[PDB]
Amino acid sequence: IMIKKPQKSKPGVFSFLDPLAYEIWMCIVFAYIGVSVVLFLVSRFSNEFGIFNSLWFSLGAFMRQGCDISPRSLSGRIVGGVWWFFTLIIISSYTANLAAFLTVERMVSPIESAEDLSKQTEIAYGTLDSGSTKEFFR
Amino acid sequence: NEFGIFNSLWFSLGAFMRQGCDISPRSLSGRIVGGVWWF
Amino acid sequence: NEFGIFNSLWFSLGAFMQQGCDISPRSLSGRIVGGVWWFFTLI
Amino acid sequence: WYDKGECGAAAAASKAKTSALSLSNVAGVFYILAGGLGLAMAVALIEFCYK
Amino acid sequence: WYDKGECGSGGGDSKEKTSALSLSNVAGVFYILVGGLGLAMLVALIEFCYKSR
Amino acid sequence: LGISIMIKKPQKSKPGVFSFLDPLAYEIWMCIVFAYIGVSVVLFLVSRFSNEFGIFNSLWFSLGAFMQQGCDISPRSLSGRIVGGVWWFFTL
Amino acid sequence: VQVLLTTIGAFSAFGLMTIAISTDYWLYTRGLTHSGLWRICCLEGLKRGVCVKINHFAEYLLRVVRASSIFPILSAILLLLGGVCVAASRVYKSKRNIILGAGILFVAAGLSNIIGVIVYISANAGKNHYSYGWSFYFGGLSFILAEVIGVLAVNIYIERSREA
Amino acid sequence: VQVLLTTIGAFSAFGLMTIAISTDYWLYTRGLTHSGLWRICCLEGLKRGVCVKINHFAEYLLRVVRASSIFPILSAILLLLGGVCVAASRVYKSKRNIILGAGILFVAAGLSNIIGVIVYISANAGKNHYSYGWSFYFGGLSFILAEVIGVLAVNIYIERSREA
Amino acid sequence: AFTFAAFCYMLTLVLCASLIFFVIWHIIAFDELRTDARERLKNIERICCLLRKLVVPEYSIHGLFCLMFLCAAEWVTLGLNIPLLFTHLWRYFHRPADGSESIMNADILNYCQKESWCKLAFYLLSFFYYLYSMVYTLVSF
Ligand SMILES: O=c1[nH]c2cc(C(F)(F)F)c(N3CCOCC3)cc2n(CP(=O)(O)O)c1=O
Ligand SMILES: Oc1nc2ccc(-c3c(Cl)cccc3OC(F)(F)F)cc2[nH]1
Ligand SMILES: Oc1nc2ccc(-c3c(Cl)cccc3OC(F)(F)F)cc2[nH]1
Ligand SMILES: CCCCCCCCCCCCCC
Ligand SMILES: CCCCCCCCCCCC
Ligand SMILES: CCCCCCCCCCCC
Ligand SMILES: CCCCCCCC
Ligand SMILES: CCCCCCCC
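For the record, the sequence lines run as chains A, B, C, D, E, F, G, H and I. For what it's worth, the numbering used here labels the leading residue of the first sequence as 1, then goes sequentially. For what it's worth, the numbering used here labels the leading residue of the second sequence as 139, then goes sequentially. For what it's worth, the numbering used here labels the leading residue of the third sequence as 178, then goes sequentially. For what it's worth, the numbering used here labels the leading residue of the fourth sequence as 221, then goes sequentially. For what it's worth, the numbering used here labels the leading residue of the fifth sequence as 272, then goes sequentially. For what it's worth, the numbering used here labels the leading residue of the sixth sequence as 325, then goes sequentially. For what it's worth, the numbering used here labels the leading residue of the seventh sequence as 417, then goes sequentially. For what it's worth, the numbering used here labels the leading residue of the eighth sequence as 581, then goes sequentially. For what it's worth, the numbering used here labels the leading residue of the ninth sequence as 745, then goes sequentially.
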């Protein structure tokens, strides 16, 4: 089986979110929306942490930009602290894995064997006109 | 604006260690210095 | 309010250098800009 | 060789292992976060029952 | 076949060189930035029109 | 046919649950906690010779300072600013 | 005082952004060919002078948007609309909202312009050394002028709304 | 109320930090040898029971400080001094500064302790797997108890200074 | 075997405690309201305002649950959560006043009592189902 040597493609749009898998990005989104809701509920059991003003605090804490206000109760401060830890770990992971992507490049062949070349069918594969190969396949 | 020597040293050290600054300059010439040191 | 043109340039400069300022947006349409510029500077 | 293989050909077709971090790789911080929210809710109810 | 070979695998095995991040890699975030700005202006006008009446 | 290699099949090697903290040894991850308690108590001590830096408030500030986030409050005396600066450098 | 400055800015920006797209001296690259947005032309070679167009054949969206260079065209349209709105504020005065409309048009012009250049530079690279001409820098100067006249238009609107 | 708690904390912390250094069950390593701060002892081998000392021969400063395990010794001394100061506050009362002195001694104890363990763990590694015994965790528990009684001593001092 | 669906299960598990506490407070408020000069009017007005403020989070959080399940592709559970979302969309609720209540100390009070008890039962059942689904998805590894 003869294929063109796999060479690096043009980097696509929305490539910046490659260092982290899709599942991690979705879990990040819903973790942010869960943390903000819990912070709101905590500051409204026991205080300007309304839902609108708490989503902003969570987003500010994730993007490393300084927070406007800080929780004062104990139960708000637990949420603040654990979300700070979470953001620190995720940002460090993203930066490190991106550095790994940029440092050593690893190319993979799109197709490995004809057993998978039949299943793919998005790649066109062809023989010579007529001969041993075509007669064999027929 | 206060920014005496003792408070300006704290602002600069806070800005270097990536920890949030307590206060920010309000003038123009006080803001050029802040921007350059941030970069 | 406080977000004239000079304060706005100062806030946006601060937000890029990940330092953050003393003033922050307090309206929805001024918070969308902040959130998107924050994400861009993070990347 | 194959049609009677004891180990079989499970996942015979190759799957290109991506080099992006998988959720199984940073699951610890997610466990910690969800546990922290659970604890915060416990403490926030204790405070309200206190008053 | 190999000794009379035009190319060799070992010589270019690593041959690693790094290049500056072109705008192509990043532009996926410039698009999002300008989209967010357009959206912010849109919601500002919607809130203004709703509050005016 | 021919003479062919034979090697042990590489396992999946599932990462540990708490593998995110490998890059630093366990001793570091616990001396961080112990130094954090030490700093939170010294900052209280120094602020309280005779404001807002009680003990709980001081633990909150020092936690915030480790996670690069930083709080609303900040020490306003020389001997609290020394503790703040040194803990900042360490966490950086 | 400031309405005249906004008018001169509006028409200067429109002039520069309609000179940027029509003319073809954007990109210098290799013989040396002074390229353009629509047409590529040759220099210092077997052929010179007269010149030929560009060939542009979901990366198809990038190709078509770069080809049909819509975003600079829309920037020019928006700048023209802002100019006519500022013109129409002088007559039929005290409308109090035409000037804000101008302030929004002169800013949407900047946004469409910056998308235009991000797309153009992204499609351009689709080793050899290149450089940028004076059409490119007219585009870049039009962006700056558009943003500044936008802030001046909002300033005028705020002053005239506080005067009431 | 709180002075009694500070006293019990002071002497419990001193007891734990004088049991930590004297006894030898700090580090378990390989036959399995339950080590110590001064003496290494053997287990499950040709020899058992009786055991021998450690041999400790500008990294010389680390070697000598780890050998002459000064920092835990000083932590024990400081905890004892804090205990006697809190004891002497009850008599000769209203000194108003002996309690603050205790509050500083019980914190300098924590600082010297944490230096002691940083040095010990740094010198220890000077592959094979190891583990930590109960002398190590008595040391670690003494640190926590020392910091807590320090904050309680400052609290008492502040309350008694505001009462005047 | 950590998976997005499993994480959504845990997060729902955390939020469901709050979702239960809301309905418990609603039950207590109804019981304190039914058992009865201007002081009475002030008391009933305070209870009505409290209930009006407490209504919305109880609906928005359930909106999050159904949205998370839709985005995570768990249809067997989204199907269970749809009927309550529809009832929470004022399907049976008429258009008389924005708040739940005019003292309205009538059969409407008994109706809201009964539906509050039903809602608490549904919430606790769903909570236990979420806990089981979480344990199943994780421990199966
Ligand atoms: O006996 C045969 N021996 C063959 C030997 C060769 C080669 F080995 F390559 F020299 C080839 N080629 C395959 C493609 O590369 C160029 C020519 C064809 C052969 N064919 C015709 P087939 O039926 O197409 O195989 C025969 O009949
Ligand atoms: O219509 C146009 N919009 C533009 C925006 C910017 C520039 C530009 C300038 Cl002015 C100087 C140097 C590089 C430039 O392009 C950049 F994208 F910044 F690299 C040119 C433009 N033309
Ligand atoms: O005198 C002593 N000071 C100490 C300080 C800490 C510890 C400790 C504990 Cl308690 C649990 C786990 C690891 C530990 O050591 C660490 F450095 F943190 F790794 C032991 C100590 N003994
Ligand atoms: C925030 C201020 C921290 C100051 C740290 C000073 C470091 C001194 C280290 C000198 C070692 C020189 C070895 C040659
Ligand atoms: C090949 C088609 C040429 C199209 C050029 C017309 C655009 C000129 C500027 C229009 C702005 C009003
Ligand atoms: C090798 C000599 C042994 C010395 C050990 C004496 C220290 C015991 C604790 C003293 C604290 C008061
Ligand atoms: C008030 C006029 C604005 C001058 C600088 C604006 C730059 C965007
Ligand atoms: C360093 C921890 C202190 C917690 C309790 C202090 C008593 C006021």
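From the three backbone atoms N, C-alpha and C, an ideal C-beta is built for every residue, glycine too.
In the DSSP assignment, the beta strand (DSSP E) including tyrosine 444(G) goes from what residue to what residue? As a first step, residue 444(G) must be located in the seventh sequence, where it is residue number 28. Boundaries of the beta strand (DSSP E) harbouring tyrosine 444(G): 443-445, taken from the DSSP string.
By the criterion of Cβ-Cβ separation under 9 Å, what are the contact partners of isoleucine 182(C) in chain E? Here the question's residue 182(C) lines up with position 5 in the third sequence. Ordered by position in chain E, no residue passes the 9 Å Cβ test against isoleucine 182(C), which lies about 16 Å from the chain.
Indicate, with yes or no, if ligand 2 has a heavy atom lying under 7 Å from the CB of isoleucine 78(A). Within the first sequence, residue 78(A) is the residue found at index 78, counting from 1. No, the Cβ of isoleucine 78(A) stays beyond 7 Å of every heavy atom of ligand 2.
Does the Cβ of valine 697(H) lie closer than 7 Å to at least one heavy atom of ligand 3? The count along the eighth sequence starts at 1 and reaches residue 697(H) at position 117. Between ligand 3 and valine 697(H), a heavy atom-to-CB distance of less than 7 Å is present.
For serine 547(G), three-class secondary structure by DSSP: Here residue 547(G) refers to the residue found at position 131 when the seventh sequence is read from its first residue. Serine 547(G) sits in a strand when the DSSP states are folded into three classes.
In the DSSP output, what is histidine 614(H) paired with across the bridge? As a working mapping, residue 614(H) is identified with position 34 in the eighth sequence. Bridge partners of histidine 614(H): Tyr608(H).
Name the DSSP beta bridge partners of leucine 241(D), please? By one-based count along the fourth sequence, residue 241(D) stands at place 21. For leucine 241(D), which the question treats as bridged, DSSP gives the partners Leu20(A).
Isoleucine 456(G) (DSSP reduced to helix, strand or coil): By 1-based counting over the seventh sequence, the position of residue 456(G) is 40. In the structure shown, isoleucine 456(G) sits in a strand (DSSP, three-state: E or B).
So, helix, strand or coil for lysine 858(I), using DSSP? The residue you call residue 858(I) lines up with position 114 of the ninth sequence. Residue state, collapsed to three classes: helix.
If you reduce the DSSP assignment to three classes, tell me which class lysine 469(G) lands in. Looking up residue 469(G) in the seventh sequence gives position 53. Strand at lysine 469(G).
Would the C-beta of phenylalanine 413(F) count as close to ligand 4, meaning under 7 Å from any of its heavy atoms? For this step, residue 413(F) is matched to residue 89 along the sixth sequence. Yes, the Cβ of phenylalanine 413(F) comes within 7 Å of a heavy atom of ligand 4.
Chain J residues whose Cβ lies nearer than 7 Å to that of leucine 755(I): Looking for chain J here will not work: the only protein chains present are A, B, C, D, E, F, G, H and I.
Counting only C-beta atoms, is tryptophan 148(B) closer than 8 Å to chain C at any point? Taking the first residue of the second sequence as position 1, residue 148(B) is located at position 10. It does not; no Cβ of chain C falls within 8 Å.
Buried versus exposed call for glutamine 418(G) [16 or more other C-beta atoms within 10 Å across all chains shown]: On the seventh sequence, position 2 is the one that residue 418(G) refers to. Looking at its Cβ environment, which holds fewer than 16 other Cβ atoms inside 10 Å, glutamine 418(G) is exposed.
Can you give me, in chain order, the residues of the segment 372-388 of chain F that have a beta carbon less than 9 Å from any beta carbon in chain H? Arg372, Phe373, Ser374, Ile379
Quick check: is the beta carbon of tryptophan 187(C) nearer than 8 Å to any beta carbon in chain E? For the purposes of this step, residue 187(C) is taken as residue 10 along the third sequence, with counting starting at 1. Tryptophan 187(C) is outside the set of residues whose beta carbon lies under 8 Å from a beta carbon in chain E.
For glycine 66(A), go through chain C and note every residue whose CB falls closer than 7 Å to its CB, in chain order. The residue given as residue 66(A) occupies position 66 in the first sequence. Neighbours of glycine 66(A) on chain C, chain order: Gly197.
Within-8 Å CB hit, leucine 166(B) to chain F: Here the question's residue 166(B) lines up with position 28 in the second sequence. So no, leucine 166(B) is outside the interface.
Taking 8 Å as the limit between beta carbons, can you name the residues of its chain near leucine 680(H), skipping five residues before and five after? Taking the eighth sequence and counting its residues from 1, the one referred to as residue 680(H) is at position 100. If we look at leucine 680(H) and ignore the five residues flanking it on each side, its Cβ neighbours are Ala733, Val734, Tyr737.
How would the residue list near ligand 5 read, in chain order, if you kept each one whose beta-carbon is closer than 7 Å to any heavy atom? With the criterion CB distance below 7 Å from any heavy atom of ligand 5, the matching residues run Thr434(G), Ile437(G), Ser438(G), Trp454(G), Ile489(G), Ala492(G), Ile493(G), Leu496(G) along the chain.
What residue range is occupied by the uninterrupted alpha helix (DSSP H) comprising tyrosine 251(D)? For the purposes of this step, residue 251(D) is taken as the residue at position 31 of the fourth sequence. Per DSSP, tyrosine 251(D) belongs to the alpha helix (DSSP H) from 247-270.
Chain A contacts made by the segment 286-298 of chain E, where a contact means CB separation under 9 Å: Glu287, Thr289, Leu292, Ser293, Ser295, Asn296, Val297, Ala298
Among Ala349(F), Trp412(F), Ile331(F), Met354(F), which residue has its Cα nearest to the Cα of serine 386(F)? Your numbering for residue 386(F) matches position 62 in the sixth sequence. Closest option to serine 386(F), Cα to Cα, is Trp412(F).
Taking C-beta pairs closer than 7 Å, name the residues in chain A that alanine 264(D) reaches, listed in chain order. As a first step, residue 264(D) is located in the fourth sequence; it is residue number 44 there, counting from the start. Here the neighbours are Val42, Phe45, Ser46, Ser75.
Run down chain E in chain order and give the residues with a C-beta less than 9 Å from the C-beta of residue 152(C). With chain C covering only 178 through 220, there is no way to say anything about residue 152(C).
Confirm, please, whether the CB-CB distance from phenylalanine 377(F) to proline 347(F) is below 8 Å. Along the sixth sequence, one-based indexing puts residue 347(F) at 23. Along the sixth sequence, one-based indexing puts residue 377(F) at 53. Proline 347(F) is not a Cβ neighbour of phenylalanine 377(F), given a cutoff of 8 Å.
The alpha helix (DSSP H) with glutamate 115(A) in it runs from where to where? By 1-based counting over the first sequence, the position of residue 115(A) is 115. Run containing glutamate 115(A): 114-120, per the alpha helix (DSSP H) assignment.
Return the CA-CA distance between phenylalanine 52(A) and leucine 495(G), expressed in angstroms with no decimal places. By one-based count along the first sequence, residue 52(A) stands at place 52. By one-based count along the seventh sequence, residue 495(G) stands at place 79. C-alpha separation (whole angstroms): 36 Å.
Cβ pair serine 870(I), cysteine 752(I) closer than 8 Å: Along the ninth sequence, one-based indexing puts residue 870(I) at 126. Along the ninth sequence, one-based indexing puts residue 752(I) at 8. Result no, Cβ atoms of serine 870(I) and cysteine 752(I) do not sit closer than 8 Å.
Considering only the beta carbon of each residue, do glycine 173(B) and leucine 190(C) sit closer than 8 Å? Taking the first residue of the second sequence as position 1, residue 173(B) is located at position 35. Taking the first residue of the third sequence as position 1, residue 190(C) is located at position 13. Yes, the Cβ-Cβ distance between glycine 173(B) and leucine 190(C) is below 8 Å.
Looking at ligand 1, does it come within less than 7 Å of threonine 127(A), judged from the CB to the closest heavy atom? Here residue 127(A) is taken as the residue at index 127 of the first sequence, counted from 1. For ligand 1, not one heavy atom lies less than 7 Å from the Cβ of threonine 127(A).
What is the DSSP secondary structure of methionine 391(F), counted as helix, strand or coil? Taking the sixth sequence and counting its residues from 1, one reaches residue 391(F) at position 67. In this structure, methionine 391(F) counts as coil in the three-state DSSP scheme.
Interface residues of chain B around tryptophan 412(F) at Cβ under 7 Å? To locate residue 412(F), count along the sixth sequence from 1; it is residue 88. Per Cβ cutoff of 7 Å: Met155, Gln157.
Terminal residues of the continuous alpha helix (DSSP H) containing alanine 817(I)? Sequence index remark: in the ninth sequence, residue 817(I) carries index 73 (1-based). From DSSP, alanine 817(I) is part of no alpha helix (DSSP H); its letter is neither H nor E.
What is the rounded straight-line gap between the Cα of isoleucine 379(F) and the Cα of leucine 584(H)? Here the question's residue 379(F) lines up with position 55 in the sixth sequence. Here the question's residue 584(H) lines up with position 4 in the eighth sequence. Their backbone Cα atoms lie some 21 Å apart in a straight line.
For a test of your reading of the model: does the CB of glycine 719(H) fall under 7 Å from any non-hydrogen atom of ligand 3? Yes or no. As a position in the eighth sequence, residue 719(H) is number 139, starting the count at 1. Checking the Cβ of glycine 719(H) against ligand 3 gives yes.
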